[PDB]
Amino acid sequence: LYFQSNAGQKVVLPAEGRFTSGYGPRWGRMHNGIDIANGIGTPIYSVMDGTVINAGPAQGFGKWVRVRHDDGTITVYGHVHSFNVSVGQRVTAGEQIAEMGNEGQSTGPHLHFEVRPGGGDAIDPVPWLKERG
């Protein structure tokens, strides 16, 4: 239990690379996160301190990780090539949790990243990452 006036918590980028696909419709279908493109193997980071709640195969994502942050927000890391965390593991903002995947397809290697306040519906990640404090 902590006493704090302003609730701000440190947030960092989940991966570095080209911003190739934003939140919203594309090719007639909603995209519920953002895509950040770079080579296979590019490190993927937890954006905020939190606890890993998923790490494994997922249909459609190939492999994924999810991290639950202490304010209840869940962040999602999809299309990873591999992950180095276990469910229940505590991670620090910016710590490497996975490597970028999406290999062998017409869409190049990238991270798919989602933000889910309260663990619920996804929101546009860009203001959540870039418009804080």
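Note that residue numbering begins at 1 and tracks the sequence as displayed.
Taking the mean C-alpha B-factor of each stretch as recorded, 55-63 and 95-103 are not equal, and the higher mean is that of 55-63. Of the two stretches examined, 4-12 and 123-131, the record assigns the greater average C-alpha temperature factor to 4-12.
Each of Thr42, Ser46, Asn32, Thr73 has a CA temperature factor in the record; the biggest one is found at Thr73.
Among the modelled residues of the chain, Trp27 sits in the highest third by CA temperature factor in this PDB entry. Looking at the C-alpha B-factors along this chain, the one for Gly50 belongs to the middle third.
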